[PDB]
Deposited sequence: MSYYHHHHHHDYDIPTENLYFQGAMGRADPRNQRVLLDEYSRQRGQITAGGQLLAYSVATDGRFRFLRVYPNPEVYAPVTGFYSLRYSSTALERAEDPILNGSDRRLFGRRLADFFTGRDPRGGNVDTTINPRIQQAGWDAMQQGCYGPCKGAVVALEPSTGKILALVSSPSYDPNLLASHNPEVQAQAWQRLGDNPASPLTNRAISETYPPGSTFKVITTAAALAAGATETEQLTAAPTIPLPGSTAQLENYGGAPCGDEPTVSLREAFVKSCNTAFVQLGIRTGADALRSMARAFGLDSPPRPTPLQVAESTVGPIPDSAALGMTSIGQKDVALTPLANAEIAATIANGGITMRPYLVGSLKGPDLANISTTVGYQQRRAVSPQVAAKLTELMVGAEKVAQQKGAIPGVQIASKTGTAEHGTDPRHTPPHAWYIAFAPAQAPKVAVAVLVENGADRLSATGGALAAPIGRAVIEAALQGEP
């Protein structure tokens, strides 16, 4: 009653409103409005009479409700670029011959700004902001009963096997330990794991292995490098360390225990117990993009008073160096190569993309369930302004070179929108 008699502040992105409150005739005076609701639900969350709040409505509640000591409520200016967020959303609604389930994350590699945070399917927070008790309850019930779980922010709260994309870490680990790009790895269809034969020869170079679908090559490389170095590289890239708030909580990514050489073989190709959020996979891309330095991801650019006087501006900071500049340059070359080999649906004229596309088996029967499709990338490869990760749940195809090809045009449309 009291809370709703004051005008809750706004959540914005790029001068656009993501959430605001309007003075109405309701017993509770102010109605929360979400003008592009499904698109921005992972960022705004909801603010509900009956069901409380989520995401930024919850995380910035003191600022928005006016009670924050630093302080009409205050406003929250996000780092979201609306043109990028919209392109991610649109591509995810069209990219699976219809709507995809999964996530898109876009990061600015030099700063750590979160440029897009997309989850699909999504939901309309206006349903929960309704002042009708019954409209709220019915919506809560329908969302909770939906097997696709539209309430889940898949970008940050859910982890998935990274599969093929984890070869970026396996490679970093090997290169840091003195492996060369001409070093020979097996091209056999099976290794005592299967390829999704790597080539017409018994062995290929590391480069050629990286650009193609050669699980067996990477099993061997991972095993050759060993568990000590693989774990240590995974940690360098943020895995198995509790992530910092964005201010939204991010689920912890992990490499798993790795009990034996068999598990090491499996881990090296992003299976076994390796599990990453889409944000963590985008951070890996952004780290490589940024010459080996991981910047801390953040979603709130600044906080403002009711008068739009600035209360706080987020400082960007260097979390950690994951790899030397030299190793980051080598990974970049390899990823430019992997993008070049791919069929060029959604290619941007005059823009060089560095990427890694692939699949990840999952579930209690990974050999029969459709694997996930992943695309992680950054661009322009030689002076990067954007890093992306695309996860399409069960999106792997049985025809493309990598099996992950459906995720790639989604990633490219996001990059296109970022560079415009």
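Which regions of the deposited sequence are unaccounted for in the modelled residues, listed N- to C-terminal?
Model skips 1-36, 108-121, 243-249, 254-256, 481-483 of the deposited chain.
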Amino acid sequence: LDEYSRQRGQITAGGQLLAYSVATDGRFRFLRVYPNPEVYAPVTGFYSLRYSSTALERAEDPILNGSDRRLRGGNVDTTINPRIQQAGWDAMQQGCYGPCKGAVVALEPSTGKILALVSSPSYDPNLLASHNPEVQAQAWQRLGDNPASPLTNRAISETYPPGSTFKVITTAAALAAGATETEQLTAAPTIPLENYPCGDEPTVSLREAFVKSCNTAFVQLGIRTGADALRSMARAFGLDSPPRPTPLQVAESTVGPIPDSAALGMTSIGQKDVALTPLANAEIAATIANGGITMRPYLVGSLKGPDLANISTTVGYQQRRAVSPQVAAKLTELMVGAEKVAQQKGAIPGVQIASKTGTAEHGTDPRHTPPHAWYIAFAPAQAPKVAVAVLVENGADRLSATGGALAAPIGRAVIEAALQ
From here on, numbers count along this sequence of modelled residues.
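According to the deposited model, is the average Cα temperature factor higher in 105-113 or in 252-260?
According to the PDB entry, the answer is 252-260.
Between 317-325 and 274-282, which has the higher average C-alpha B-factor in the PDB entry?
Looking at the recorded C-alpha B-factors, 317-325 comes out higher on average.
Could you tell me which one of 350, 125, 163, 88 shows the highest CA temperature factor in the PDB record?
Out of 350, 125, 163, 88, the record gives the largest C-alpha B-factor to 350.
In terms of recorded Cα temperature factor, pick the maximum from 27, 32, 372, 356.
Within the set 27, 32, 372, 356, 27 shows the top C-alpha B-factor.
Sorting the chain's CA B-factors, does residue 419 end up in the lowest, middle or highest third?
Highest third, going by the recorded CA B-factors of the chain.
When the deposited Cα B-factors of this chain's modelled residues are ordered and cut into thirds, is residue 47 in the lowest, the middle or the highest one?
Ranked within chain, residue 47 CA B lands in the middle tercile.
Using the B-factors in the PDB entry, rank residue 409's C-alpha atom against the chain and give the third, lowest, middle or highest.
According to the entry, residue 409 has a C-alpha B-factor in the chain's lowest third.
Lowest, middle or highest third: which one holds residue 230 when the chain's residues are ordered by CA B-factor from the entry?
Its C-alpha B-factor belongs to the middle third of this chain's values.
In terms of the CA temperature factor given in the entry, to which third of its chain does residue 78 belong: lowest, middle or highest?
As the PDB entry reports it, the C-alpha B-factor of residue 78 lands in the middle third of its chain.
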